[PDB]
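Here is the structure we will look at, set down as structure tokens.
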Amino acid sequence: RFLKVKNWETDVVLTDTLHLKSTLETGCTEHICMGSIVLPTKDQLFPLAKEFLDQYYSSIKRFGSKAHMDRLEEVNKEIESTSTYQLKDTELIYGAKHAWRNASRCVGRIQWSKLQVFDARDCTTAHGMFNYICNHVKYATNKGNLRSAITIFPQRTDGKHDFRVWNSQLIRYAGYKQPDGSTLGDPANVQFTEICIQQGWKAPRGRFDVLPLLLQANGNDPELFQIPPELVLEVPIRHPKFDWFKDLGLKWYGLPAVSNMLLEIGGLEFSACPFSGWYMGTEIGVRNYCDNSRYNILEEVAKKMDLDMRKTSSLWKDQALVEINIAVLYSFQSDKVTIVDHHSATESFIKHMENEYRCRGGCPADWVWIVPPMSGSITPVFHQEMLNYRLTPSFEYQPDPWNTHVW
Amino acid sequence: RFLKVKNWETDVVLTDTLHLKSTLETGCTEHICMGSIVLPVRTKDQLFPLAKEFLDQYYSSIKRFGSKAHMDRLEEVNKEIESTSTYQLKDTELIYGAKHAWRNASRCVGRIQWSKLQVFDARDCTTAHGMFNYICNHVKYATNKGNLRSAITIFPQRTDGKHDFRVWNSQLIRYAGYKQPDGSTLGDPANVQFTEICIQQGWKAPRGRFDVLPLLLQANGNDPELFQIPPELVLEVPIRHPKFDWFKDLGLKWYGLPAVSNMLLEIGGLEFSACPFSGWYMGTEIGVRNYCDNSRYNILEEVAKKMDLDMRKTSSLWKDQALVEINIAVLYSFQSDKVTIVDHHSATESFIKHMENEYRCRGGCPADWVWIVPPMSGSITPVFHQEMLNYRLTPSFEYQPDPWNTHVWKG
Ligand code: HEM
Ligand code: HEM
Ligand SMILES: CNCc1cc(OCc2ccc3ccc(N)nc3c2)ccc1Cl
Ligand SMILES: CNCc1cc(OCc2ccc3ccc(N)nc3c2)ccc1Cl
Ligand SMILES: C[C@H](O)[C@H](O)[C@H]1CNc2nc(N)[nH]c(=O)c2N1
Ligand SMILES: C[C@H](O)[C@H](O)[C@H]1CNc2nc(N)[nH]c(=O)c2N1
Ligand SMILES: [Zn+2]
């Protein structure tokens, strides 16, 4: 019941006590593990608030203090009165940072406490949302010196007044299906790229068209907004050895800013909370260029390299896949844009792990997502046993707006 | 209760109904997932239900469920349990359990071949020499001059646990590893402990970087004995690279037969503590794990040095670059000597087909994603985007404590 994890490369053993403060469920049972599955009222609300405020006041060395119990009462009362409650600013920040801290699938959590939190809870319209988002993008980009950020729109009320950013990331390239059969732009975004046009977006029908923002305030019909191009830092992709690479016409954007998750604090639900950090190299090169259901340029790169694409056993995909990721990292670093390689990130995470076990008694971690999609076993996370469980505050998935929105 | 796994690359959804036949525990709960953790004497009391379960399965598969043959066999097994406290498996039954133990191995990416497994019944074996003999014939048959064949040799089942047969080796064929006084390691670092054991058991170690370890065989719970596999039975492949001519000069070679010999085979409540089995290598086992892992031969750097890589910052991906070349070489050498091998793209492609087939014809295929995904180039193999369900089915291959930790020394 006080669980142990072993690193099989270093023999190091940590003891996880933090898991006993877990609350939500995993999907697994004693009969069947689901680790590889991608997606598994007033009386409900107060125990949740107490749990949060209890952990909040503990973290500031004021557990069971006057201030603590005061607030606990203050919140208890407001719930009885208003059927919800509002977070103090200090609690908001704490909640945000800890949702990142508890994000078991995020390899990048070593930075967790450095989160810049933008309180956008006064926002009332899509135009308002657009402004807050532009400000978030500008601050995070910082001319290439990326800083982590989250902007938080009003919490859910009765579920009919949901704030939502429909885009999955603030910045992503359009994908359009083609007359011949294939796909131009970015296949992952094809459906959304449609929904945008269905809302009256005029697509330049290019390969790298920055998608418009589709913002929904107070449960209203969502509106389209174009991010000022001067706020979208892009990197042209070239290889440091191969000069034909540039002719592939590749670039990628500097700012990964996930916008579709729900942020849960003290039982309050923030359905619009776009957050951002910086890219790990493989995210763009392994996943975004080379996945079959994506840019799938592997073929082309290997052809330009004149590799024996005849049998799998030449490992030409592997060879190509490496060069591509070499280029991505090369390009970003050349343009002074923050990026991290998978070796650096995973090492950083193993250190963050030792820290968390040491000063918190554990660190929920999801090995299926922490191990990079290339060169897995030569990164330190591979031989690292991990324990996965759900702590609060948390980022949760939520249904896509176009499947819910009452028009 | 039905469960759906989706494939996120192809949107193909499958439905698992087989997980309901699962009995054993996973280690997971609703509050904690342990899917990334590596590790998890029996009385007549629990034996017959375990036996009945198995025999039911068997007779179902041969389409004789409820038959007189089935009922008599249950009765027959029953009486033998109440009289002898255990029971013997018919040969048909032994073969079935063997194949299914493999078939149920949720970590095995190579299960597409499961029904084609040569089962050698060593249940008449009584001594270590007897074991050496059976094992030698296994290696010879399985190797087959390089055209590898799956096989397993099953030694006497456990009785009171005081008379176990065990192969003390983790695989039948493995290179020695020697710790040096300067803290460096000569040979395969994976095997240092086992090497010391052998040496202490009287093994004259040549102390080279590729010495094939002796077998250490225990029969009937007696102290284990050393035997040397005849070199002519040990097929080895010198590793060269198809474009880099300096790669041969690294002096590397690897053996062709992966034969794991330290697992326990469970069938019908019976426990076969010595059941060495073998198939053929997936390139990445040797090329990523066996050479490049930091706690193995660690030639990663030396290969990168000779490729004149920018080994200063990791951002050059020199490690990844050297890794791929080392796997290219491994596949190249094995194909060049006509020794059976499979690359990780081929293996995972086949597993996906196997898996899909299993869902249709069997209603599921237990699979451990953490182990099925290859140790390099993960997301460019089809398994990466395949959701999987992991659960435990018997017959099964189980882990078991190293015999040196649990053995009682006669002397
Ligand atoms: C600063 C550098 C950061 C890096 C390098 C990083 C890296 C990653 C990576 C590689 C993944 C796997 C995602 C995939 O492969 O699709 C991930 C997931 C995730 N990241 Fe981080 N991240 C960073 C910052 C942040 C920040 C600022 C937040 C939130 C405040 C965050 C929260 C999350 C969450 C919640 C997930 C998983 C979402 C899910 O469950 O699907 N990360 N991250
Ligand atoms: C014939 C070609 C085969 C291939 C290509 C293959 C491939 C693999 C690979 C790559 C692993 C990963 C192990 C690791 O990386 O540590 C594995 C695991 C495993 N294989 Fe197979 N295998 C084959 C045959 C067999 C046979 C003949 C058996 C049994 C009769 C078997 C049973 C198992 C079991 C039980 C595991 C899990 C190891 C564990 O639980 O620790 N495989 N297989
Ligand atoms: C629908 N599947 C859920 C899903 C969520 C995902 O979230 C990815 C994610 C989330 C936050 C990030 C923060 C920084 C960063 N560099 N990457 C980040 C990546 C990614 C893939 C999938 Cl498949
Ligand atoms: C306790 N760790 C379990 C473990 C099992 C292992 O078994 C590997 C294994 C087992 C069966 C195999 C069958 C065929 C094959 N080519 N490789 C095979 C490889 C290897 C490493 C570890 Cl760490
Ligand atoms: C901690 C971790 O689960 C462990 O090192 C596993 C990870 N996945 C693996 N997968 C395979 N195929 N072989 C292995 O040895 C391992 N090691
Ligand atoms: C099927 C599998 O669970 C799914 O593809 C996961 C695997 N691991 C992943 N890991 C990361 N970091 N990102 C991903 O999108 C995925 N996809
Ligand atoms: Zn699990």
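Starting from 1 in every chain, residues are counted up; chains themselves are A, B, ... following the order of the structure tokens, and ligands are numbered from 1 as listed.
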
key: Neighbourhood of ligand 1 at 6 Å, counting only C-alpha atoms and all ligand atoms, reported as a ChimeraX atom specification   = /A:100,103,105-108,148-149,275-280,283,369,395

Please produce a file of those selected residues containing C-alpha atoms, as a compact mmCIF listing (two decimals), in the first residue's frame.
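Contents of part.txt, freshly written:
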```
# COMPACT_ATOMS: atom_id res chain seq x y z
CA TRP A 100 0.07 21.12 -14.60
CA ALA A 103 -0.58 16.24 -15.46
CA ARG A 105 1.10 12.53 -19.29
CA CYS A 106 3.23 15.68 -19.40
CA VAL A 107 6.98 15.06 -19.65
CA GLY A 108 7.60 18.79 -19.16
CA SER A 148 4.72 29.03 -20.06
CA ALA A 149 1.25 30.54 -19.71
CA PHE A 275 -2.34 26.99 -21.94
CA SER A 276 1.07 26.84 -23.57
CA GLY A 277 4.73 25.99 -23.06
CA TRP A 278 7.27 25.05 -25.72
CA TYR A 279 7.77 22.14 -28.07
CA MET A 280 9.76 19.00 -27.50
CA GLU A 283 6.32 16.50 -31.19
CA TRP A 369 3.01 9.16 -22.92
CA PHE A 395 -6.64 19.09 -16.82
```

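The residue set within 7 Å of stretch 178-181 of chain B, counting only C-alpha atoms and dropping same-chain residues fewer than 6 places from it, reads residues 187, 192 and 195 of chain B.
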
task = Hey, list the chain B side of the contact with chain A: 7 Å cut-off, only C-alpha atoms, answer as a PyMOL selection string.
result = chain B and resi 9+22-37+293+295+314-317+320-321+324+328+331+343+345-346+369-370+375-380+387-391

query = Among stretch 221-360 of chain B, which ones does DSSP place in alpha helix (DSSP H), written as a ChimeraX atom specification?
reply = /B:283-284,300-306,318-336,344-360

Go ahead and write the selection's residues with N, CA and C atoms as a compact mmCIF listing (two decimals), in the first residue's frame.
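File again.txt, as written:
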```
# COMPACT_ATOMS: atom_id res chain seq x y z
N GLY B 283 15.34 -7.70 -34.63
CA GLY B 283 16.57 -6.94 -34.67
C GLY B 283 16.79 -6.04 -33.48
N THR B 284 15.77 -5.28 -33.08
CA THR B 284 15.94 -4.30 -32.00
C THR B 284 16.34 -4.92 -30.67
N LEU B 300 27.45 2.54 -28.25
CA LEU B 300 26.73 3.65 -28.84
C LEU B 300 27.69 4.78 -29.15
N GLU B 301 28.52 5.09 -28.17
CA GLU B 301 29.46 6.19 -28.27
C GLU B 301 30.57 5.87 -29.26
N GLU B 302 31.12 4.66 -29.18
CA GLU B 302 32.21 4.27 -30.07
C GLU B 302 31.78 4.25 -31.53
N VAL B 303 30.54 3.88 -31.78
CA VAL B 303 29.99 3.91 -33.12
C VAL B 303 29.84 5.35 -33.57
N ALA B 304 29.34 6.19 -32.67
CA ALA B 304 29.14 7.59 -32.99
C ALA B 304 30.48 8.29 -33.24
N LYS B 305 31.49 7.91 -32.47
CA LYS B 305 32.81 8.50 -32.63
C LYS B 305 33.34 8.22 -34.03
N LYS B 306 33.22 6.96 -34.45
CA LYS B 306 33.74 6.53 -35.75
C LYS B 306 32.91 7.05 -36.93
N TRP B 318 22.94 12.41 -32.12
CA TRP B 318 23.98 11.45 -32.45
C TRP B 318 23.67 10.07 -31.89
N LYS B 319 23.10 10.03 -30.69
CA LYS B 319 22.69 8.76 -30.10
C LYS B 319 21.66 8.08 -30.98
N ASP B 320 20.70 8.85 -31.48
CA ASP B 320 19.64 8.26 -32.29
C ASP B 320 20.24 7.78 -33.59
N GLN B 321 21.17 8.58 -34.11
CA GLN B 321 21.81 8.27 -35.39
C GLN B 321 22.63 7.01 -35.31
N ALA B 322 23.45 6.91 -34.28
CA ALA B 322 24.25 5.71 -34.06
C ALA B 322 23.37 4.49 -33.79
N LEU B 323 22.23 4.71 -33.13
CA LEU B 323 21.35 3.60 -32.78
C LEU B 323 20.85 2.95 -34.05
N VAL B 324 20.41 3.78 -34.99
CA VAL B 324 19.81 3.28 -36.21
C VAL B 324 20.82 2.48 -37.02
N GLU B 325 22.05 2.99 -37.10
CA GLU B 325 23.09 2.31 -37.87
C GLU B 325 23.35 0.93 -37.29
N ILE B 326 23.40 0.86 -35.96
CA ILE B 326 23.66 -0.41 -35.27
C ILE B 326 22.54 -1.41 -35.52
N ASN B 327 21.32 -0.92 -35.71
CA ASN B 327 20.26 -1.83 -36.06
C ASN B 327 20.28 -2.23 -37.51
N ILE B 328 20.76 -1.33 -38.36
CA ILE B 328 20.91 -1.64 -39.77
C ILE B 328 21.91 -2.77 -39.93
N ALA B 329 23.02 -2.65 -39.21
CA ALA B 329 24.09 -3.64 -39.26
C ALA B 329 23.61 -5.04 -38.81
N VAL B 330 22.90 -5.07 -37.68
CA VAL B 330 22.40 -6.31 -37.11
C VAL B 330 21.49 -7.05 -38.08
N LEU B 331 20.54 -6.33 -38.66
CA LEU B 331 19.65 -6.93 -39.65
C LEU B 331 20.45 -7.38 -40.88
N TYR B 332 21.41 -6.55 -41.27
CA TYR B 332 22.19 -6.82 -42.46
C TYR B 332 23.01 -8.11 -42.32
N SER B 333 23.68 -8.25 -41.18
CA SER B 333 24.53 -9.41 -40.93
C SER B 333 23.71 -10.71 -40.92
N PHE B 334 22.59 -10.70 -40.19
CA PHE B 334 21.74 -11.87 -40.09
C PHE B 334 21.13 -12.30 -41.44
N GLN B 335 20.69 -11.34 -42.25
CA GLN B 335 20.13 -11.70 -43.55
C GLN B 335 21.24 -12.23 -44.44
N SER B 336 22.41 -11.60 -44.34
CA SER B 336 23.57 -11.97 -45.14
C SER B 336 24.03 -13.38 -44.86
N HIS B 344 11.71 -4.54 -36.83
CA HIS B 344 10.60 -4.11 -35.98
C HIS B 344 9.36 -3.59 -36.73
N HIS B 345 9.53 -3.18 -37.98
CA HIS B 345 8.41 -2.75 -38.80
C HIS B 345 7.60 -3.95 -39.23
N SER B 346 8.32 -4.99 -39.64
CA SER B 346 7.70 -6.23 -40.06
C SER B 346 6.96 -6.90 -38.91
N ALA B 347 7.64 -7.02 -37.78
CA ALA B 347 7.07 -7.68 -36.61
C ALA B 347 5.80 -7.03 -36.09
N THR B 348 5.80 -5.70 -36.00
CA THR B 348 4.65 -4.98 -35.46
C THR B 348 3.47 -4.98 -36.45
N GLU B 349 3.78 -4.85 -37.74
CA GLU B 349 2.79 -5.01 -38.80
C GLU B 349 2.06 -6.35 -38.67
N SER B 350 2.84 -7.41 -38.48
CA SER B 350 2.29 -8.76 -38.35
C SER B 350 1.49 -8.91 -37.06
N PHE B 351 2.02 -8.36 -35.97
CA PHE B 351 1.28 -8.44 -34.72
C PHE B 351 -0.09 -7.78 -34.86
N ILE B 352 -0.13 -6.63 -35.51
CA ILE B 352 -1.41 -5.96 -35.73
C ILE B 352 -2.41 -6.86 -36.45
N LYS B 353 -1.98 -7.50 -37.54
CA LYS B 353 -2.81 -8.50 -38.21
C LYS B 353 -3.19 -9.63 -37.26
N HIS B 354 -2.20 -10.18 -36.58
CA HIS B 354 -2.47 -11.26 -35.64
C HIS B 354 -3.54 -10.82 -34.66
N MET B 355 -3.33 -9.63 -34.10
CA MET B 355 -4.19 -9.08 -33.06
C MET B 355 -5.62 -8.92 -33.52
N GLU B 356 -5.78 -8.29 -34.68
CA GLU B 356 -7.07 -8.14 -35.31
C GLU B 356 -7.73 -9.50 -35.50
N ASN B 357 -6.97 -10.46 -36.01
CA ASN B 357 -7.51 -11.80 -36.23
C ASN B 357 -8.00 -12.41 -34.93
N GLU B 358 -7.19 -12.27 -33.88
CA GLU B 358 -7.55 -12.78 -32.57
C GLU B 358 -8.85 -12.18 -32.03
N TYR B 359 -9.07 -10.89 -32.25
CA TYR B 359 -10.31 -10.26 -31.80
C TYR B 359 -11.53 -10.88 -32.47
N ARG B 360 -11.38 -11.25 -33.74
CA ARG B 360 -12.48 -11.81 -34.50
C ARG B 360 -12.74 -13.27 -34.16
```

request  = Would you list the contacts of residue A:155 as a PyMOL selection string, taking every protein, DNA or RNA residue within 9 Å and counting only C-alpha atoms, but skipping same-chain residues closer than 5 positions in sequence?
outcome  = chain A and resi 86+121+162-163+263+268-272

Requested write-out: N, CA and C atoms of the selected residues, as a compact mmCIF listing (two decimals), in the first residue's frame:
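Contents of the output file selection_39.txt:
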```txt
# COMPACT_ATOMS: atom_id res chain seq x y z
N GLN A 86 -16.45 31.47 -5.89
CA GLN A 86 -15.39 32.06 -6.69
C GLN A 86 -14.05 31.82 -6.02
N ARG A 121 -11.21 35.84 -16.00
CA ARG A 121 -12.58 35.62 -15.50
C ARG A 121 -13.52 36.82 -15.55
N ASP A 162 -21.26 27.93 -21.18
CA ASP A 162 -19.85 27.53 -21.32
C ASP A 162 -19.02 28.47 -22.17
N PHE A 163 -17.86 28.86 -21.66
CA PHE A 163 -16.85 29.48 -22.52
C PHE A 163 -16.06 28.34 -23.15
N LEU A 263 -10.17 22.62 -17.11
CA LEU A 263 -9.35 22.77 -15.91
C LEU A 263 -10.24 22.69 -14.70
N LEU A 268 -14.73 23.29 -9.27
CA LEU A 268 -15.12 24.28 -10.28
C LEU A 268 -14.52 23.90 -11.65
N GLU A 269 -15.29 24.12 -12.70
CA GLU A 269 -14.89 23.69 -14.04
C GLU A 269 -14.60 24.87 -14.96
N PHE A 270 -13.37 24.96 -15.44
CA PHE A 270 -12.99 26.00 -16.38
C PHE A 270 -12.82 25.35 -17.75
N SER A 271 -13.81 25.56 -18.61
CA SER A 271 -13.91 24.83 -19.88
C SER A 271 -13.14 25.52 -20.97
N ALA A 272 -12.68 26.74 -20.67
CA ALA A 272 -11.85 27.49 -21.60
C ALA A 272 -10.66 27.98 -20.81
```

task = Extract, using only C-alpha atoms, all DNA, RNA and protein residues at most 12 Å from residue B:94, discarding same-chain residues fewer than 6 positions from it, and format them as a list in words.
result = residues 54, 55, 58, 88, 100, 101, 118, 119, 120, 121, 122, 123, 152, 153, 154, 155, 156, 157, 265, 266, 267, 268, 270, 271, 272, 275 and 395 of chain B

Write a file of the just-selected residues containing N, CA, C and O atoms, as a short mmCIF file (atom, residue, chain, number, x, y, z; two decimals), in the first residue's frame.
```
data_model
loop_
_atom_site.label_atom_id
_atom_site.label_comp_id
_atom_site.auth_asym_id
_atom_site.auth_seq_id
_atom_site.Cartn_x
_atom_site.Cartn_y
_atom_site.Cartn_z
N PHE B 54 -9.03 -25.66 -17.14
CA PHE B 54 -8.15 -25.98 -18.24
C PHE B 54 -8.77 -27.05 -19.14
O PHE B 54 -8.83 -26.88 -20.37
N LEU B 55 -9.25 -28.14 -18.54
CA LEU B 55 -9.74 -29.25 -19.33
C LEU B 55 -10.96 -28.83 -20.13
O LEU B 55 -11.13 -29.26 -21.28
N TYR B 58 -9.72 -27.03 -23.12
CA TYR B 58 -9.12 -27.97 -24.05
C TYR B 58 -10.18 -28.65 -24.88
O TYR B 58 -10.13 -28.62 -26.11
N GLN B 88 -1.12 -35.80 -13.90
CA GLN B 88 -0.31 -35.76 -15.11
C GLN B 88 -1.13 -35.27 -16.29
O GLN B 88 -2.32 -35.55 -16.38
N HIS B 100 -0.85 -22.32 -26.00
CA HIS B 100 -1.69 -21.25 -25.47
C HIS B 100 -0.98 -20.36 -24.47
O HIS B 100 -1.27 -19.16 -24.37
N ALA B 101 -0.02 -20.92 -23.75
CA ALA B 101 0.78 -20.11 -22.85
C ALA B 101 1.45 -18.99 -23.65
O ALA B 101 1.44 -17.82 -23.24
N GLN B 118 7.14 -26.23 -31.81
CA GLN B 118 7.55 -27.59 -31.64
C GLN B 118 7.68 -27.82 -30.14
O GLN B 118 8.41 -27.11 -29.46
N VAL B 119 6.92 -28.78 -29.62
CA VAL B 119 6.93 -29.06 -28.19
C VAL B 119 7.70 -30.34 -27.94
O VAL B 119 7.35 -31.40 -28.44
N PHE B 120 8.79 -30.24 -27.19
CA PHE B 120 9.53 -31.41 -26.79
C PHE B 120 9.17 -31.74 -25.35
O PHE B 120 9.29 -30.90 -24.45
N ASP B 121 8.72 -32.97 -25.14
CA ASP B 121 8.24 -33.40 -23.84
C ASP B 121 9.40 -33.99 -23.05
O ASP B 121 9.69 -35.16 -23.20
N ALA B 122 10.05 -33.21 -22.19
CA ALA B 122 11.12 -33.77 -21.38
C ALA B 122 10.63 -34.22 -20.01
O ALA B 122 11.35 -34.11 -19.01
N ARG B 123 9.39 -34.71 -19.93
CA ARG B 123 8.83 -35.04 -18.61
C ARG B 123 9.34 -36.36 -18.04
O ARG B 123 9.05 -36.67 -16.88
N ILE B 152 9.94 -25.50 -27.63
CA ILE B 152 9.97 -25.44 -26.18
C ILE B 152 10.19 -26.86 -25.69
O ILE B 152 9.71 -27.81 -26.30
N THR B 153 10.98 -27.00 -24.63
CA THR B 153 11.23 -28.30 -24.02
C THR B 153 10.72 -28.23 -22.59
O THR B 153 11.15 -27.37 -21.81
N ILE B 154 9.82 -29.15 -22.25
CA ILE B 154 9.15 -29.09 -20.97
C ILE B 154 9.66 -30.16 -20.03
O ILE B 154 9.53 -31.35 -20.30
N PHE B 155 10.27 -29.73 -18.93
CA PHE B 155 10.84 -30.63 -17.93
C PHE B 155 9.81 -30.95 -16.83
O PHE B 155 8.78 -30.29 -16.74
N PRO B 156 10.08 -31.97 -16.00
CA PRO B 156 9.12 -32.36 -14.95
C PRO B 156 8.46 -31.20 -14.17
O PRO B 156 9.12 -30.26 -13.71
N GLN B 157 7.14 -31.29 -14.04
CA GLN B 157 6.38 -30.30 -13.27
C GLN B 157 6.80 -30.31 -11.80
O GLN B 157 7.33 -31.30 -11.29
N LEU B 265 6.16 -22.17 -16.58
CA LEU B 265 5.00 -22.47 -17.43
C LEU B 265 3.87 -23.03 -16.59
O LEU B 265 4.04 -24.05 -15.91
N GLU B 266 2.71 -22.36 -16.62
CA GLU B 266 1.55 -22.80 -15.84
C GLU B 266 0.45 -23.38 -16.73
O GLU B 266 -0.03 -22.71 -17.65
N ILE B 267 0.07 -24.62 -16.46
CA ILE B 267 -0.97 -25.29 -17.24
C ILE B 267 -1.84 -26.11 -16.31
O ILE B 267 -1.34 -27.04 -15.66
N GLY B 268 -3.12 -25.78 -16.25
CA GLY B 268 -4.07 -26.56 -15.48
C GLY B 268 -3.76 -26.63 -13.99
O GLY B 268 -4.16 -27.58 -13.31
N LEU B 270 -0.86 -26.90 -12.89
CA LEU B 270 0.46 -27.51 -12.82
C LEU B 270 1.52 -26.48 -13.17
O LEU B 270 1.32 -25.61 -14.02
N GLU B 271 2.66 -26.58 -12.49
CA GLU B 271 3.72 -25.60 -12.64
C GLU B 271 4.99 -26.24 -13.17
O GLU B 271 5.62 -27.06 -12.50
N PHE B 272 5.38 -25.84 -14.39
CA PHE B 272 6.60 -26.33 -15.00
C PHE B 272 7.71 -25.30 -14.83
O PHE B 272 7.83 -24.36 -15.61
N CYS B 275 11.23 -24.85 -18.46
CA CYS B 275 10.55 -24.98 -19.74
C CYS B 275 11.21 -24.17 -20.86
O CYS B 275 10.52 -23.44 -21.56
N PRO B 395 -3.58 -21.03 -19.93
CA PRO B 395 -2.14 -21.22 -19.63
C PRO B 395 -1.29 -19.95 -19.75
O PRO B 395 -1.61 -19.07 -20.54
#
```

task = Mind listing the strand (DSSP E) residues of stretch 232-277 of chain B, per DSSP on the backbone, as a PyMOL selection string?
result = chain B and resi 236-238+253-255+259-260+264-267+270-272+277

Pull C-alpha atoms from the residues just selected and write them as an mmCIF file, in the first residue's frame.
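Result written to selection_11.cif:
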```cif
data_model
loop_
_atom_site.group_PDB
_atom_site.id
_atom_site.type_symbol
_atom_site.label_atom_id
_atom_site.label_comp_id
_atom_site.auth_asym_id
_atom_site.auth_seq_id
_atom_site.Cartn_x
_atom_site.Cartn_y
_atom_site.Cartn_z
ATOM 1 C CA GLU B 236 26.816 -16.989 -34.139
ATOM 2 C CA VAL B 237 26.769 -14.071 -36.589
ATOM 3 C CA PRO B 238 29.615 -11.585 -36.978
ATOM 4 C CA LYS B 253 29.166 -10.766 -33.084
ATOM 5 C CA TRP B 254 25.895 -12.116 -31.700
ATOM 6 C CA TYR B 255 24.284 -15.539 -31.342
ATOM 7 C CA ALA B 259 15.962 -19.090 -25.976
ATOM 8 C CA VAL B 260 14.499 -17.886 -22.669
ATOM 9 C CA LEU B 264 7.648 -20.791 -15.248
ATOM 10 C CA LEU B 265 5.004 -22.469 -17.430
ATOM 11 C CA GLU B 266 1.547 -22.796 -15.841
ATOM 12 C CA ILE B 267 -0.971 -25.288 -17.236
ATOM 13 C CA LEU B 270 0.456 -27.507 -12.816
ATOM 14 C CA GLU B 271 3.716 -25.597 -12.639
ATOM 15 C CA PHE B 272 6.604 -26.333 -14.997
ATOM 16 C CA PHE B 277 11.625 -21.925 -25.157
#
```

Hey, could you make a per-residue contact list for chain B against ligand 6 with 6 Å as the cut-off, showing the nearest pair of atoms and its distance in Å to one decimal, counting only C-alpha atoms and all ligand atoms, sorted by chain and number, as a Markdown table?
```
| residue | atom | partner | partner_atom_place_in_ligand_line | distance |
| --- | --- | --- | --- | --- |
| B:384 | CA | ligand 6 | 5 (O) | 5.3 |
| B:385 | CA | ligand 6 | 5 (O) | 3.5 |
| B:386 | CA | ligand 6 | 1 (C) | 4.2 |
| B:387 | CA | ligand 6 | 1 (C) | 4.0 |
```

Per residue of chain B within 10 Å of ligand 4, note the shortest atom pair and the distance in Å to one decimal, counting only C-alpha atoms and all ligand atoms, and order the rows by chain and increasing residue number, as a tab-separated table.
```
residue	atom	partner	partner_atom_place_in_ligand_line	distance
B:37	CA	ligand 4	1 (C)	9.6
B:38	CA	ligand 4	1 (C)	5.8
B:39	CA	ligand 4	1 (C)	6.1
B:40	CA	ligand 4	1 (C)	9.5
B:102	CA	ligand 4	13 (C)	9.3
B:105	CA	ligand 4	11 (C)	9.3
B:107	CA	ligand 4	10 (C)	8.6
B:108	CA	ligand 4	11 (C)	7.1
B:109	CA	ligand 4	14 (C)	8.8
B:110	CA	ligand 4	14 (C)	7.4
B:111	CA	ligand 4	13 (C)	9.4
B:150	CA	ligand 4	14 (C)	8.7
B:170	CA	ligand 4	7 (O)	8.5
B:171	CA	ligand 4	7 (O)	8.8
B:190	CA	ligand 4	21 (C)	9.9
B:256	CA	ligand 4	16 (N)	9.6
B:257	CA	ligand 4	16 (N)	7.9
B:258	CA	ligand 4	16 (N)	5.4
B:259	CA	ligand 4	13 (C)	6.6
B:260	CA	ligand 4	11 (C)	5.6
B:261	CA	ligand 4	10 (C)	8.8
B:262	CA	ligand 4	7 (O)	8.9
B:263	CA	ligand 4	7 (O)	8.7
B:276	CA	ligand 4	11 (C)	9.8
B:277	CA	ligand 4	13 (C)	7.3
B:278	CA	ligand 4	14 (C)	5.7
B:279	CA	ligand 4	14 (C)	4.8
B:280	CA	ligand 4	16 (N)	4.5
B:281	CA	ligand 4	16 (N)	3.8
B:282	CA	ligand 4	16 (N)	5.7
B:283	CA	ligand 4	16 (N)	8.7
B:284	CA	ligand 4	16 (N)	9.7
B:285	CA	ligand 4	17 (N)	7.1
B:286	CA	ligand 4	16 (N)	9.4
B:289	CA	ligand 4	21 (C)	9.3
B:341	CA	ligand 4	16 (N)	8.7
B:342	CA	ligand 4	16 (N)	9.0
B:371	CA	ligand 4	5 (C)	9.7
B:397	CA	ligand 4	11 (C)	9.7
B:398	CA	ligand 4	3 (C)	9.8
B:399	CA	ligand 4	1 (C)	7.2
B:400	CA	ligand 4	1 (C)	9.1
B:401	CA	ligand 4	1 (C)	9.7
```

inquiry  = Need to verify the contact set: residue B:129, 10 Å, only C-alpha atoms, exclusion of same-chain residues closer than 2 positions in sequence. Can you return it as number ranges by chain?
reply    = B: 125-127, 131-135, 217-219, 225-227

Using C-alpha atoms, can you write the selected residues to a file as a tab-separated table (two decimals), in the first residue's frame?
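For reference, part27.tsv as written:
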```
chain	number	residue	atom	x	y	z
B	125	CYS	CA	14.00	-36.44	-17.54
B	126	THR	CA	15.62	-37.25	-14.17
B	127	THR	CA	19.16	-35.80	-14.01
B	131	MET	CA	18.69	-32.08	-19.01
B	132	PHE	CA	21.88	-31.19	-20.85
B	133	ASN	CA	20.95	-33.80	-23.45
B	134	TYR	CA	17.38	-32.51	-24.03
B	135	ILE	CA	18.60	-28.95	-24.18
B	217	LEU	CA	21.12	-27.29	-14.68
B	218	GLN	CA	19.17	-28.38	-11.60
B	219	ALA	CA	17.10	-31.57	-11.64
B	225	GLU	CA	25.65	-28.80	-12.55
B	226	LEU	CA	27.75	-27.20	-15.26
B	227	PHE	CA	27.73	-28.31	-18.89
```
